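S.K.: Below you'll find the sequence and an experimental structure to go with it.
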Amino acid sequence: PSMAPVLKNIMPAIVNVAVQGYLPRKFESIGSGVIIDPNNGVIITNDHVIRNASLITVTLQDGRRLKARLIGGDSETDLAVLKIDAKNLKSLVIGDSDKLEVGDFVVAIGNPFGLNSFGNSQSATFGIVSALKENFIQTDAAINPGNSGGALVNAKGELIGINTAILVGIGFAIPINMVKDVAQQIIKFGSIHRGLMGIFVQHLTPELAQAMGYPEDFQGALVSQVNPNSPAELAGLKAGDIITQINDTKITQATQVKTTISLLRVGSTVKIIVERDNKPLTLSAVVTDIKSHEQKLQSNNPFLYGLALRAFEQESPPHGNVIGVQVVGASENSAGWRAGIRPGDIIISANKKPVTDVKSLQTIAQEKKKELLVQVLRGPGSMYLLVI
Amino acid sequence: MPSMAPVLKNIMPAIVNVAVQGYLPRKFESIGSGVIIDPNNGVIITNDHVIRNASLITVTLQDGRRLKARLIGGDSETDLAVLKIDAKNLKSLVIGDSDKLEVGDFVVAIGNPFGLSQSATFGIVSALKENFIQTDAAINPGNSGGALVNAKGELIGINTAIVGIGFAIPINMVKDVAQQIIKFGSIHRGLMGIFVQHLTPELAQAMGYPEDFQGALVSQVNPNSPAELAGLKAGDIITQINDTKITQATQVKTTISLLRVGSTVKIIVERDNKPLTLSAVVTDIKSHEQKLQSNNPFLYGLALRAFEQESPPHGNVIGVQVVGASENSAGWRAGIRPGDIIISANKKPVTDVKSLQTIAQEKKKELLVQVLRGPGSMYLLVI
Amino acid sequence: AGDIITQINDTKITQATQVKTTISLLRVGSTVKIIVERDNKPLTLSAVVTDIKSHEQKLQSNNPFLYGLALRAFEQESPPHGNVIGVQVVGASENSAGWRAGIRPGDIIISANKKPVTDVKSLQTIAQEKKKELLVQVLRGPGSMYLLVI
């Protein structure tokens, strides 16, 4: 046998992508790309291939050199969608990257050379899927700058990933199922606007599965935290829940949650099915804007937002016995930080009243809407600060 | 279970270690591989770079003999060399056809890197095109000069060490190089005098041919060349050279490159959708340059244009500007350099190129030119 | 050329400087009033600011094959080509159809749609006649190449 017959029929889908530009100086960048919609002339490539482009020219196997338009990109997943206006365009069968196993055979194909290598401008390498799982297919089919943005295909010649050359036998591809959904969102909207759900997940290993009361082969995503006032908390999610489904996607691996949710639209209602102590629950959460949530959090805690605070009592020369609330941390976006509070500060009075524990400070902080006057001890000195 | 072990076991005996000692123009060693391609006459192929500068070439077979080899000949351009050993009970392998290769085919690269033992790697044909096969079967100094074989274990290439990017020289070319080295001792490249380019579909349609039409597009036929005499023209599509069908532009150079001077070459073309068979005689590159020189003995190699420019302190300068001048020209030798303005010739004013060309025909022995160079001037005799 | 802008819109001009800055940042779509002096007679003019890339796309659409190419007549004896007559590409913007098709500065265009090109006008004539594609034969150093401009 040979992989040559399958490669022959999909080669017209693989294009060369040439970029000219200026960086924050003059450069050129060559990679590959894959035609994923031949009727509308949509081509996927890597974001790193096209970043800072002034110009992008696509070359097909048949020799035509086409001016390409950027539909949009997404640096986080290193994908970009391009459009060319042409006819007589070919694609390939799109596969399901969720069905991929370690040990399956694959070919990585690019078209690094374009027109002066016409009829032999493509480049193919052979290996296996070496590992799965930010989330990438890993292969021993050498993947190199030439061929980054090109096609990883399975043995039946179906597209299962987009090659990405990062950085020595080992290469990486972005799995096609994620690619499909990033592309579709870029086409509709021009960029991915990621929102917030507010939960961390971890891999449910057979060992944790059994220690939590589930069979050793039970699958899903283990929820390790739900943040206060997040969409996930509102929906009723709790730590220790196992997520088994998000909307219509069956969840068998923690990586799929981040994937499936990351690209939902701010405003969307999402259905989440969990197991909690062996009992199934259906929950519903609304994805929110990350910046709108952070504004909410500030609004409801306008003075103490972003401060890590603990009770404190300590003989502290030359101040005598110091009783107060120690600021262990302060985010630089806080009203506290802006007023001048810094980690290590001890809050010893607030609106002219003594502070003993964190709760006493929180109660005082609810006194005025306009400002909070804090007296802070900082090493051997002190100062009054107005947090507004 | 499926395995490449059976085919390989039958071809290992054709693969040899090649060890070289000599002195770099001081002492050095070079170890590579090579392949027996004629078992009866002990003919072995390796790379020219393995055996270069050798005082001694030793060949180690799988059965364990270490033999003294002699160099029949080399060609650095294709990086091949042909060795001879005087020994019996030699084994070879079926030699395949590199033209039948496609991207995706399975290949094994095999060598014998150790010497005073064998080594195989696996991959596919990555790219085809100096028309090297590219593969991801790792090639490395040790296995350079060794065999690249297809899945049936036929020799399709000779490996050459330039990651997951190795290279081999296609066997069809090796065949040609080897027979020419065995017969004459080296390769004496001749001249045809054309440039060729890819015939893509759009260019096919643009020129009045089906979109899938195949050949090599002639983009230039040099004046006074053998291709010119034969009657080739720009815009012709070469579809066959001798017995080789031409489907890609790269095939023209490889097929003609290795044909010998004085050889008669049959070039079949299509011109305005009619086939024509043209016949040309490959010429010796040096005696063609000689012929060009002899027919244009003073102006040969000079790029010239008409010149008119107010140019202080010379006033209004009218003449012929030397835009370029090959260093092998009689002009260059006489002292003409690029940027010179020829303002007279055999004591007559020069206005345009044709007026210089006419003056130049006045005598066979010498051409007297006055050249203006920056602010100065000089008389030169071109002979 | 040779006009002296005395006033732009609301602002009065006494400095070349004021002209750039005042229009430098003026907004696309904006209409703008410009007062000038020609040989002592003052005219009052109206112009509409346009978007840099739409303008460039206009130029390209109006001159599909030769947009962006600096061109001059060329005649020269050039080994090994013999006597070369044609149109030399003195410059080629990288965003042109010509650059995309492979034309580079220094190329000599010696025919277009199978016809001979002698001067700039003859090339511009051939390009106007034909539509959709332009087939150009160019000399490049010792070599040559067919190029298809689309």
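M.R.: Perfect, thanks for sending it. Numbering: from 1, shown residues only, chains lettered A, B, ... in the order given.

S.K.: where exactly do the strands run in the stretch 251-388 of chain A?
M.R.: Counting by DSSP state E, counting those that start in this stretch, residue ranges of the strands within the stretch 251-388 of chain A are A:269-276, A:279-286, A:307-315, A:321-330, A:346-350, A:353-354, A:372-378, A:381-387.

S.K.: The stretch 51-200 of chain A too?
M.R.: Ranges of strands in the stretch 51-200 of chain A, per DSSP E, counting those that start in this stretch, are A:53-59, A:65-67, A:69-74, A:79-83, A:105-110, A:123-131, A:137-139, A:151-154, A:159-164, A:171-175, A:199-203.

S.K.: Other residues contacting whatever helix or strand comes next after the last one?
M.R.: For strand A:199-203, the following helix or strand on the C-terminal side (DSSP states H and E) is helix A:206-211. The contact list for helix A:206-211, computed with CB atoms under 8 Å, 6 or more residues apart in numbering or on different chains, reads A:215-218, A:222. From N, CA and C alone the C-beta is placed, and that goes for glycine too.

S.K.: so which of the strands of the stretch 51-200 of chain A is the most packed in?
M.R.: Among these, judged by mean count of other CB atoms under 10 Å in any protein chain shown, the one packed with the most neighbours on average is strand A:151-154 (a mean of 29).

S.K.: Show the contacting residues for residue A:327.
M.R.: Contacts for residue A:327 were tallied using CB under 8 Å, 6+ apart; they are A:307-309, A:336, A:341-347, A:376.

S.K.: tell me which parts of the stretch 1-150 of chain A are close to chain B?
M.R.: Taking CB under 8 Å from any CB of the partner chain, the part of the stretch 1-150 of chain A that reaches chain B is made up of A:1-8, A:11, A:62-64, A:107, A:113, A:115-120, A:122-126, A:141-142, A:144.

S.K.: Residue A:5: what secondary structure?
M.R.: Residue A:5 falls in the helix class when you classify it by DSSP: H, G, I helix; E, B strand; the rest coil.

S.K.: Contact partners for it?
M.R.: Contact criterion CB under 8 Å, 6+ apart gives residue B:104 as the residues in contact with residue A:5.

S.K.: Of the strands of the stretch 51-200 of chain A, which is nearest residue A:40?
M.R.: The closest approach between residue A:40 and any of these, judged by CB to CB, belongs to strand A:79-83 at 7.1 Å.

S.K.: And the closest one, how far out from the chain middle?
M.R.: Averaging C-alpha positions (CA atoms, centre = their mean, to the nearest Å) puts strand A:79-83 18 Å from its chain's average.

S.K.: contacting residues around it?
M.R.: Taking contacts as CB under 8 Å, 6+ apart, the residues outside strand A:79-83 that touch it are A:17, A:33, A:40-47, A:49-50, A:56, A:58, A:68-74, A:162, A:174, A:179, A:182-183, A:186-187.

S.K.: before we move on, the earlier item: wait, which of the strands of the stretch 51-200 of chain A is closest to residue A:257?
M.R.: Distances from residue A:257 to each of the strands of the stretch 51-200 of chain A were compared by CB to CB, and the smallest falls on strand A:199-203, at 4.9 Å.

S.K.: which outside residues touch that closest one?
M.R.: A:221-227, A:230, A:232, A:237, A:243, A:253-255, A:257-258.

S.K.: That one to strand A:279-286, inter-axis angle?
M.R.: Compare the direction of strand A:199-203 with that of strand A:279-286 by axes from the mean of the first three to the mean of the last three CA atoms, to 10 degrees and you get 140 degrees.

S.K.: now strand A:199-203, how far from the centre of its chain.
M.R.: Going by CA atoms, centre = their mean, the spacing between the C-alpha centre of strand A:199-203 and its chain's C-alpha centre is 14 Å.

S.K.: what are the pairing partners of it, and which direction each?
M.R.: Using DSSP bridges, strand A:199-203 pairs in its sheet with strand A:221-226 (antiparallel).

S.K.: Any buried residues in whatever helix or strand comes next after the strand it pairs with, and which?
M.R.: Following the chain from strand A:221-226 toward its C-terminal end, the next helix or strand by DSSP H and E is helix A:231-235. For helix A:231-235, the buried set under the neighbour-count rule, 16 or more other CB atoms under 10 Å in any protein chain shown, comprises A:231-232, A:235.

S.K.: quick one: the closest residue to residue A:219 other than its chain neighbours and residue A:204, what's the gap?
M.R.: The shortest distance from residue A:219 to any non-neighbouring residue, by CB to CB, 6 or more residues apart in numbering or on different chains, is to residue A:252 (4.1 Å). Here residue A:252 is placed at a distance of 9 Å from residue A:204 (CB to CB, to the nearest Å).

S.K.: Same question for stretch A:295-308: list its buried residues.
M.R.: Judged by neighbour count (16+ other CB under 10 Å), stretch A:295-308 contains these buried residues: A:297, A:301-307.

S.K.: one step back: in the contacts of residue A:327, find the pair that's most separated.
M.R.: Pairwise distances among the contacts of residue A:327 were taken by CB to CB; the largest, 14.9 Å, belongs to A:308 and A:376.

S.K.: need the residues of chain A near chain C, please.
M.R.: The interface of chain A toward chain C, taken as CB under 8 Å from any CB, is made up of A:20, A:54-55, A:57, A:64-65, A:67, A:115.

S.K.: contacting residues for whichever residue of the stretch 1-150 of chain A sits closest to chain B?
M.R.: The shortest separation between the stretch 1-150 of chain A and chain B is 2.9 Å, found at residue A:142 (distances taken as CB to the nearest CB). Residue A:142 makes contact with A:108, A:125, A:127, A:169, A:171, B:136, B:163-165, according to CB under 8 Å, 6+ apart.

S.K.: Go through the residues you listed and name the one nearest chain C.
M.R.: Comparing those against chain C with CB to the nearest CB picks out residue B:165 as the nearest, at 26.8 Å.

S.K.: tell me the domain boundaries of chain A?
M.R.: Structurally, chain A divides into domains by curated CATH domains as follows: A:1-189, A:190-300, A:301-388.

S.K.: Show me the longest helix that occurs in chain A.
M.R.: With DSSP state H setting the assignment, residue counts place helix A:176-189 as the longest helix in chain A.
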